[PDB]
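For reference, the structure is listed below as structure tokens.
Bear in mind these aren't lab numbers, they're just calculated from the coordinates by the rules spelled out. Cβ coordinates were reconstructed from backbone atoms using ideal geometry, including for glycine residues, and neighbour counts include every protein chain displayed.
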Ligand SMILES: CCCCCCCCCO[C@@H]1O[C@H](CO)[C@@H](O)[C@H](O)[C@H]1O
Ligand SMILES: CCCCCCCCCO[C@@H]1O[C@H](CO)[C@@H](O)[C@H](O)[C@H]1O
Ligand SMILES: CCCCCCCCCO[C@@H]1O[C@H](CO)[C@@H](O)[C@H](O)[C@H]1O
Ligand SMILES: CCCCCCCCCO[C@@H]1O[C@H](CO)[C@@H](O)[C@H](O)[C@H]1O
Ligand SMILES: *C/C=C(C)/C=C\C=C(C)\C=C\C1=C(C)CCCC1(C)C
Ligand SMILES: *C/C=C(C)/C=C\C=C(C)\C=C\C1=C(C)CCCC1(C)C
Ligand SMILES: *C/C=C(C)/C=C\C=C(C)\C=C\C1=C(C)CCCC1(C)C
């Protein structure tokens, strides 16, 4: 029964964690600023919907990373027998504690920012509501089952079963990104930029389940701090730059996306 | 105290709970396979929305039932004074623990599946946005106030007050289903199929508060394993069979429900 | 270690607490009954969508306040070093307990009812989906960061920080109300009622961060019971009266908001 203060200090006291969380808190703040600045020239209602859903990305990121930073959304979990990190222990407060410091707050950041990325990207491609619906529902399911995979301590096989369920919902989203919106963007006149934002997205998105698998939640070839910086690095790219790359195209082509 | 692993083992070790939970993970998985295969012939955006909302029913089911099976969404709660299951105990991790194994994750399943059932039925009926909004918001309120009833350990009376508020929300959804979409479907050209599904929905849905009352959450004439099976049997019809029948009509009648959303 | 029953009893047996909470369960219950009555003659789909969104206010209200009254959504929390309530204690379960009774369940009420407030106000003002999306998302973010600020016990600083993030979000909402929807309304033929509801809304809403700062979550000049009543007072006006007034204009101007 560790304290939130204990986790708040454990992080401050760990090189990798402290930096992995605070550098992204910093970059998220510098994004909300650069983006509110970049998008002042917009006036069309649709261009402005794409702008604000995009801007919400770093808004969700700064708040959710603060949840981790404060120790509010981190837990110490004891992994199941057979799990590569079972047996782990951590110095918290004045004692050794069984378990792995688990920053499950990362799934809350993901559950909140991915539907905004899909909404902005969907509108960019001129998607109809059905595909928008399909993408966002399976995306939320993908994130929430991943979180349940992370939170499952009862059994090792059960964790990988959730992982599989999360993979299946990922495939539906990948199909919409790669086969449906790739085609829809042509009617909307956004094919060029879509292929770029889609290529980045699909590449960075595929990275998450690979890291999960090799990182501490999986077979742990990557320690807690490195599992964290890998996720943090992927976030800076899949999120802030993605938002910069999409917003640098938008505030140059307001007419194409209007209506 | 009571660890997630302790509950996962108890479930694997109890005839009614393991079968009531794992059979549904299995049927949900098979339902998804069948429904995807059935619906590959659809092209219309609106038909497809009725199809995806329906498909999300067993997707929500396989995921949330796994929540229960893994032990993640189970709690051991001690019932308040006068509750008919107060003072019960359950043998966990070898030790005796006061409380009733409470599979609260069931409300998470219902909270996620029911709005997908109403969206599909409302689209089937040719519902306007107002009634789609009224049915779904009151239905979600129904589930959450039901979960609240289940998690209340402070007072017996408090539990039944949450139960009554929940029922109030239910009556609003029944009204839309039985009064408004019935009329809407006639105008939409789907009256017959909407009428059969609506009645299958109302019949099975009335089953949940009855089971809640008769079961371990209410007066406990049904112990935990029997309460669990009563809820799992209702889920098989209200979720998987209901969906099979809806998609059977949809994939033979794409033209009637084709249009904007 | 404090139980749910012990928090239901603490509340039940404290004059200020039982009153703040149970008075709002009763008023919401009556608001629902009254509002359903008032709106029984609406026919247009848009007006009905405004009515049901506004009726969801006391429904979210009766259920989330019960959340509080039952102990379900209350947590006794030890404030961090420096907080003006650090070291406080209560006496729950007959024992002296370190911390402050924290009715975090209030943020559930707000997170669930404020979006309904903006949808109904926005639709009244003729808002386009974009500003409605902007007002509701930032509103929800404001409420969740407020809850996080209230649930943070790790350091006094970080708490006031969440409070600030919850302000940057609130500022976005304020720009939409005061400015944008005021402009949108004029044309919707609701400029007049939009001014009255906007005034009440901006005024009452502004108080929440001030009460938070002054109450037990903040510098604690207001103990638990007064903190509860301070927030419960803003709710009674920001919710039930705001709702009555808005429905009163709806029951009278149905034709106006039907659009066509
Ligand atoms: C369709 C869902 C797929 C998940 C299936 C999970 C069932 C695996 C159960 O494993 C067993 O659990 C026992 C109790 O903990 C251990 O003693 C034993 O060593 C372990 O092998
Ligand atoms: C909606 C169906 C009707 C449900 C009615 C539920 C009544 C349950 C009352 O509980 C009892 O209340 C007494 C007085 O508070 C307590 O002394 C006692 O210990 C407690 O067990
Ligand atoms: C729709 C389902 C109806 C639910 C009815 C629930 C009624 C619960 C009755 O419980 C009993 O109440 C007595 C006081 O009235 C207590 O003294 C006694 O200890 C308690 O066991
Ligand atoms: C810590 C979170 C605080 C983030 C604050 C930045 C949010 C910016 C939302 O976009 C702005 O919304 C206004 C209202 O519609 C428009 O008038 C304006 O043109 C548009 O740029
Ligand atoms: C911030 C943006 C993100 C995190 C985008 C995509 C994330 C995924 C595609 C995650 C996939 C996952 C899988 C398939 C298995 C469960 C864990 C998981 C959530 C990392
Ligand atoms: C999976 C589909 C379901 C669960 C459909 C309907 C469920 C209800 C109508 C549940 C109603 C309930 C009531 C009226 C009382 C509180 C508990 C409750 C949520 C089971
Ligand atoms: C019931 C209606 C409500 C609570 C309407 C508005 C509430 C706010 C504007 C609350 C703002 C807050 C801030 C700015 C700081 C954090 C605490 C907070 C949530 C009270």
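Out of every Cα-Cα pair that the protein assembly as shown contains, those further apart than 47 angstrom amount to 16 percent. Based on C-alpha pairs under 8 angstrom that are at least 6 apart in sequence, chain C has a relative contact order of 24 percent.
The alpha-carbon atoms of the range B:109-186, seen along their principal axes, cover 47, 21, 15 angstrom, with the largest extent given first. Express in % the proportion of alpha carbon pairs of chain A at distances exceeding 25 Å. More than 25 Å apart: 45 percent of the Cα pairs in chain A. The calculated FRET efficiency for residue A:200 paired with residue B:160, based on their beta-carbon distance and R0 = 56 Å, is about 0.55. Seen against the Cα atoms of chain A and their longest principal axis, helix A:224-235 is set at about 0 degrees. Between residue B:256 and residue B:129, how high is the FRET efficiency from 1/(1 + (r/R0)^6) when r is the Cβ-Cβ distance and R₀ = 25 Å? Nearest 0.05. Efficiency, rounded to the nearest 0.05: 0.80. Could you tell me what % of all Cα pairs in the range B:16-95 have separations over 14 Å? More than 14 Å apart: 73 percent of the Cα pairs in the range B:16-95. In this simple spin-label approximation, residue B:81 and residue B:43 carry label points 7 Å from Cα along the Cα→Cβ vector, and these lie 7.0 nm apart. Rounded to the nearest 10 degrees, the inclination of helix B:15-39 to the longest alpha-carbon principal axis of chain B is 20 degrees. Inter-chain Cβ neighbour count for C:130-137, averaged per residue, equals 4 (cutoff 10 Å, partner chain atoms only). Calculated FRET efficiency, residue B:167 to residue A:191, Cβ-Cβ distance, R0 = 56 Å: about 0.60 to the nearest 0.05. Taken residue by residue and averaged, Cβ atoms of other chains lying within 10 Å of the Cβ of B:142-148 number 3. Ordering of A:179-186, B:142-149, C:152-159 by packing is B:142-149, C:152-159, A:179-186, highest average first (other Cβ atoms within 10 Å, averaged per residue).
Computed over the protein assembly as shown, the per-residue total of -39500 (n - 2.57) for DSSP H runs of n ≥ 4 gives a 222 nm mean residue ellipticity of -23000 deg cm²/dmol, rounded to 500.
Relative to the first principal axis of the alpha-carbon coordinates of chain B, what is the inclination of helix B:191-214, with its axis defined by its Cα atoms, in degrees from 0 to 90 and to the nearest 10? Helix B:191-214 sits roughly 10 degrees off the main axis of chain B.
Assuming a ≥ b ≥ c are the square roots of the Cα gyration tensor eigenvalues, decide whether the range B:21-166 counts as rounded (a/c under 1.5), prolate (otherwise, with a/b larger than b/c) or oblate. Oblate is the answer for the range B:21-166, as a/c is 1.5 or above yet b/c matches or exceeds a/b. For a test of the definition: using alpha carbon positions, the gyration tensor, and the 1.5 limit on a/c, classify the range C:90-227 as rounded, prolate or oblate. Because a/c hits 1.5 or more and a/b exceeds b/c, the range C:90-227 counts as prolate.
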